[PDB]
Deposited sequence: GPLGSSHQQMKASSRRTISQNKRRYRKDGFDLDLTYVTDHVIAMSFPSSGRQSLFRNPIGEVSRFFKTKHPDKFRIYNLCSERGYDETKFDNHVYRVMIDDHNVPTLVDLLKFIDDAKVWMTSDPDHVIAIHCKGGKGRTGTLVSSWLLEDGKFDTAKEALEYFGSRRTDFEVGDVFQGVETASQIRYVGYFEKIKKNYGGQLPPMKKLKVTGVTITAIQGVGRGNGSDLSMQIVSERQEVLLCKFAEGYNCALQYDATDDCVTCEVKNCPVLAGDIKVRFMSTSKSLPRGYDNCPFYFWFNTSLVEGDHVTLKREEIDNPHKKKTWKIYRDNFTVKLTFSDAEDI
């Protein structure tokens, strides 16, 4: 129309979400920002997996390293918010454009936190539905995973309860895991399952439930659940991902190459446990899986 053919959306007049500038061919995305926002744009590339020629955008590209179907570190989220705040407030015509690839999970985690920082919404849930409504009211139109939703909620908590800065440090050891509604999940008794805890991109603990490898499994058929005592957990600090793997052929992988997983940050855990409902766990949150993960499916981690 103005001669551009692009997956690009104005979420607001000064906040753009878009797809990856590939070589949207990069020469056209580049021409677009140089034509409609000359000297007044800043681009954010959220892809851990891929960069590009940032000189097509006059070197005004800020990188946040986020894995697809995952979350930024909370530190990186807050740094992004500071960088965008300085850019956005130094000139009424400055704009920010946010992207990775799918225009959706990673992009919506940062756009929705930005919309909270700018005061347009009071709650993560409204900012999330609002971004969902600009791409396509459902929070799962805003981002892809339950951890993405959690991290926008972490930003809201930081803003509201911790003065816009990180909370006092809390460190944890996982000593137990409990999974309810286990029938129908893999072998229905925990025996196909293992659990990996990942910190700073590395495995810090692996548990294999049938074998008692760093753990001991109890299956309670009456209560339709499994408990496992977790052994040898190192002290955990910061953003932690917990992944559950299965030897079972009937238990499919969703995102992240595993049946189900989640992120949490140790300083934002309340008390001695975290319990997540089905819609709060990555992969069981998708309705295509709700004959495997029933409505009372939950994962609880116990801490010391």
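Comparing the deposited sequence with the modelled residues, the stretches lacking C-alpha coordinates are 1 to 26, 50 to 56, 170 to 173, 342 to 346.
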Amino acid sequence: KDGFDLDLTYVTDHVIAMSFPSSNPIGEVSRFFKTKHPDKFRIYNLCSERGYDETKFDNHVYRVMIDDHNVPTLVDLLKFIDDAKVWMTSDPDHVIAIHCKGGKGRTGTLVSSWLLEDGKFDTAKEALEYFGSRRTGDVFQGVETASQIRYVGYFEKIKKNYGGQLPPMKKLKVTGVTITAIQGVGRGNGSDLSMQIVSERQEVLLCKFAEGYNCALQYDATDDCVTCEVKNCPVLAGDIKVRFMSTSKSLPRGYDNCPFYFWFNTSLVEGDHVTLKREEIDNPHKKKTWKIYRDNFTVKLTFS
From here on, numbers count along this sequence of modelled residues.
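Checked against the record, the higher mean CA B factor of 277 to 285 and 12 to 20 lies with 12 to 20. Of the two segments, 257 to 265 and 55 to 63, the one listed with the higher mean B-factor is 55 to 63 (C-alpha atoms only).
For the set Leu77, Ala146, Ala127, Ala221, the maximum C-alpha B-factor listed in the entry falls on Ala221. Among the modelled residues of its chain, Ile240 has a C-alpha B-factor that falls in the lowest third, as given in the PDB entry. In the deposited entry, the Cα temperature factor of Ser250 places it in the highest third of its chain's modelled residues. Ranked within its chain, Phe33 lands in the highest third, by CA B factor from the PDB record. In the deposited entry, the Cα temperature factor of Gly119 sits in the middle third of values across the chain's modelled residues. Ranked by Cα temperature factor within the chain, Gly137 sits in the highest third according to the deposited record.
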